[PDB]
Amino acid sequence: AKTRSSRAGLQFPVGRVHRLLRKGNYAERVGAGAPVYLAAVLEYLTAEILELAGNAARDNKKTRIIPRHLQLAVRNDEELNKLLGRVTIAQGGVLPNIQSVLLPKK
Amino acid sequence: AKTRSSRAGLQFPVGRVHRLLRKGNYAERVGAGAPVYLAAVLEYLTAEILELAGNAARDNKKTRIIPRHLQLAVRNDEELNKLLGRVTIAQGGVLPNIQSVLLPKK
Amino acid sequence: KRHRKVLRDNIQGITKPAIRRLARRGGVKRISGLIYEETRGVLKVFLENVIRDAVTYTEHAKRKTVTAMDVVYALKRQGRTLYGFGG
Amino acid sequence: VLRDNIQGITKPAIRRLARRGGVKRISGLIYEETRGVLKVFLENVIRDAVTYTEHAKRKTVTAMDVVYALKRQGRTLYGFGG
Amino acid sequence: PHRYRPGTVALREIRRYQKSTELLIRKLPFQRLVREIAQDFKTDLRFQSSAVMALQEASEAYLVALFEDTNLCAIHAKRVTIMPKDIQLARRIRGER
Amino acid sequence: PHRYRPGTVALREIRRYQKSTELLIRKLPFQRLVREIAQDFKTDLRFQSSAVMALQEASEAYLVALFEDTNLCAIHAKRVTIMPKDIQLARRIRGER
Amino acid sequence: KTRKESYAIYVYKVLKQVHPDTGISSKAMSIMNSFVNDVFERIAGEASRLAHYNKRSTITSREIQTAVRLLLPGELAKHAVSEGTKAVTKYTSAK
Amino acid sequence: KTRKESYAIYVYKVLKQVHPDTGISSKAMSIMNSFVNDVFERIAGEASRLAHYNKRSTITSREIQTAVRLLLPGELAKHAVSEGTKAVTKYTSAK
DNA sequence: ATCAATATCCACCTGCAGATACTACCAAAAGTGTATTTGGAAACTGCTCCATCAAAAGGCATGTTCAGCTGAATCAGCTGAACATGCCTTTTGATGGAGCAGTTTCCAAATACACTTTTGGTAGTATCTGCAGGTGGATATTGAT
DNA sequence: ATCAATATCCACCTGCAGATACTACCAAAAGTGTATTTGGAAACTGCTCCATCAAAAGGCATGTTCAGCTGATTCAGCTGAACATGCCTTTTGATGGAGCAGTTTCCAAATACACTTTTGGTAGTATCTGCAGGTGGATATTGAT
Ligand SMILES: [Mn+2]
Ligand SMILES: [Mn+2]
Ligand SMILES: [Mn+2]
Ligand SMILES: [Mn+2]
Ligand SMILES: [Mn+2]
Ligand SMILES: [Mn+2]
Ligand SMILES: [Mn+2]
Ligand SMILES: [Mn+2]
Ligand SMILES: [Mn+2]
Ligand SMILES: [Mn+2]
Ligand SMILES: [Mn+2]
């Protein structure tokens, strides 16, 4: 007895995702290949962000990922930024950016 | 045999609305009231726009409602405008509005 | 229950330095005298819209308690989706 | 006399559009900026419509494909079905 | 010989195009561009005639509305002439940039 | 006695606040405001403390973002001081008004 | 061939109740049919999420009502709520 | 004392693969969970609509894929689609 | 360019909250294995409606001229930043209790067929009319003197 | 001011593209009636976490001073608006044929359904660790001169 996750060689819970597609009322029938593709996309996406957030945490000499590191990860990456263009990350703050004309002298 | 539209006192089709709720995957089950209620709400708003679009036709010396009249109806009404805030009405055009500072110095 | 204090003019608890601090995070260098009243004005519209929807979910669920979920869904409705609170 | 397709979106055409938006005076550089903005508008919408077309296994983009593309771009259109 | 002053016809025009609802881009040049952009996404496409109509209506609605915001930004800088930095500002604030 | 010139401490504060992620409004005052407003929709409500926090995180993210847009409108007007006409313009373009 | 359902006839019915001498052109009707579809989906959409959030299997008139209150602005909500409460009554109190 | 599912253990597994020596705070994990639920809901929604638009009563790997292409920008779509195909293929041959 | 105040940097150093570690239990997942129905892919094709193009049509590309708009420059006035000063209001940690939410019980309400009547959509054919353009002439607006 | 050029308003006229009236039709809703299942209100109550209060801890309110920003003023030069029209692109309408959509067919994969095994969540309890917040002290930074 192998989990459907391992049959597809995934960490993300295929069984679980299959279940939530049914309980979520998305269509009359859910195909057996739909939660497999979905569990994959979900895993790809979270690896993408965790890779980036990890780097931010290293660039700050920290060992633990905090919400600030997710914020930096998402906002410094053109595509995550857009995917989450309308999302607020609690306790992420903002990117350092000061407009040119606000700086002193010339 | 008496229709549910007639029972409710409505022009809008309770039967159809009912069917669209089940076949639309909104919930496992749909109560007997909900299609009556929704049908009434839809008829209501149809009437509100038509009321106003009729008036706009009269103002312009015309008997047939065209899209211009629906446009004028909606964007001249604070509330319909908000509900349709992110909607485009094909063949609507815009409200006559010129910024005062653009007007010739009298 | 005996007595419950009357809540009035709490918008002024949003102080001048707090607003200035938010301006700073938003990259702002100089602030006109009248920003503070405008900002309070704007904050109140924002909160009224989110609280109205959240309170609506609360009443719908038949609760006297506004939950984090009530707020998170209110936010989602208005296109201001918030991560990190169960939602 | 050859000519780029985007340039078929002419100055007097852009001028009318601005005019309906209530604009009195227009800098000469606006015409190229407008064409750029239109190109980006259309790319995003057609990208999605086409995606809908392919899914349906058709070779014709339908009014509905476009209507649905517009809906998901937050730019809902009334008058063409659905 | 007769000559209307600058802006006089501009105003006359604003008034005319705000009264009416017709599409203000010529259909064929618009259609070609639609086809050219689509060709990058999928080859040998055909187009329902109303499909192009829809795109035209939406594009013109979009551009007319952006010209309104643009114009507001122009007037915020105490000008009456719209400029690319105004379009830039409007889009940036709309979250398109 | 030593004096920093107008603008200097301000840039020091920009860098300071843009670097941190803590909430900038005092908790209690913000909570009372939430209750006063909620109360006016419906008497006898209670709040999970994380409800109040969720509202605080959303509000502060909204205002910081609005101030940025507001900052851009002022600079477009060739000023460096943000004014109510700037906040109004940013809110109009965003379609909140 | 294949049947194409529209709200046109019921839109026309309501027009006559309200402006009995006023006509509507096609494009106008087409927009009105979009409008009726748009609002159905938004009201049914929100009702749908309401039930889910509350761990419920059923969309009832209570869900439609709250949905209406979330979606419609102030004065539009009030009249809509009452119009729909009136119809549920009229439908109940009738053999 | 009802059970509340999260994606935490799954998120943490994946964290270990990419940065073996980095931990995640629970607030950051809360944000990740919100993120997984968010994206799930958005893809399923696109899929849901998609199927309805084409008169289909079944959501298959083929609807999920279009939804992914509709939802994600450019370079993430390209990769998500690969990762998706690969898993379904590997799954198809593995029973 | 040099000096003196005060912010800033960073690498090192204990308290400790929150993170990570097991141990056991377990209810609900998740799986496995038949029995049974069907969605929609496949394949064939009718007939709209789409791309192409000819002739008919009507908008735009063109270069010149100069009105008035923009951007540069100057500057008086006063608004807003910095800072010192005096002290109120928030933050924090501890506690009875209100209402959330966990479990159980049961009927009003929903589903599920099946069978009967109806209606809304289509389509043929005919008939009908509101109003876009057209004309004609008065009157109002704009610009020249 | 008055005056002439030209746009704009309005009244009336009329062909025709698109609204409307009518009949025939049928498949597909829609409704009615009979047999069954269940979702969720209600009624009880464990037990988390909300409102509430007291003491501790730190940011806010205020006034004074003046640096430098904003808004007002002037002005020259550069830039777009206005300008007539026949070349050439677009519009129109007519016609083959590509492909959308209608129908039929049949099976790979869908649902259902029953017992079997696995597991993710939590609960009671225990030790470990990353870093916040403190410290001093060597390296900028700013603004007076
Ligand atoms: Mn009150
Ligand atoms: Mn079948
Ligand atoms: Mn109690
Ligand atoms: Mn009939
Ligand atoms: Mn006319
Ligand atoms: Mn039950
Ligand atoms: Mn004092
Ligand atoms: Mn000059
Ligand atoms: Mn063929
Ligand atoms: Mn386990
Ligand atoms: Mn530190």
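Chain C is numbered as in Swiss-Prot, which gives 17-103 for the residues shown.
When the header is checked for method, it gives X-ray crystallography, 2.7 Å.
Cβ coordinates are placed from backbone N, Cα and C, and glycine is handled just like the others.
Swiss-Prot has this to say about the protein:
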DNA_BIND  C:17-21  DNA-binding region
CROSSLNK  C:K32  UFM1 cross-link
CROSSLNK  C:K92  ubiquitin cross-link
MOD_RES   C:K17  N6-propionyllysine
MOD_RES   C:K21  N6-methyllysine
MOD_RES   C:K32  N6-(2-hydroxyisobutyryl)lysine
MOD_RES   C:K32  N6-lactoyllysine
MOD_RES   C:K60  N6-glutaryllysine
MOD_RES   C:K78  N6-glutaryllysine
MOD_RES   C:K78  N6-butyryllysine
MOD_RES   C:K80  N6-propionyllysine
MOD_RES   C:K92  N6-propionyllysine
MOD_RES   C:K92  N6-butyryllysine
MOD_RES   C:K92  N6-lactoyllysine
MOD_RES   C:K92  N6-acetyllysine
Entry from the modified residues list C:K17, C:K21, C:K60, C:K78, C:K80 having the most other CB atoms no farther than 10 A: C:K60
Which of C:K32, C:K92, the listed recorded sites, has fewest other Cβ atoms within 10 Å: C:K32
Of the recorded positions listed as C:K32, C:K60, C:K92, the one whose CA lies nearest the CA of C:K17 (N6-propionyllysine): C:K60
Cα proximity to C:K80 (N6-propionyllysine), best match among recorded positions C:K21, C:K32, C:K92: C:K21
Euclidean distance between Cα atoms of C:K60 (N6-glutaryllysine) and the residue listed as 'UFM1 cross-link', Å: 15
Length of the line joining the Cα atoms of C:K78 (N6-glutaryllysine) and C:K92 (ubiquitin cross-link), in Å: 21
C-alpha spacing of C:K60 (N6-glutaryllysine) relative to C:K21 (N6-methyllysine), in angstrom: 21
Inter-residue Cα distance where the pair is C:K92 (ubiquitin cross-link) and C:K60 (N6-glutaryllysine), in Å: 19
Counts by DSSP class (helix H/G/I, strand E/B, coil) across the DNA-binding region (C:17-21): 0 helix, 0 strand, 5 coil
DSSP-derived class (H/G/I helix, E/B strand, else coil) of the residue listed as 'ubiquitin cross-link': helix
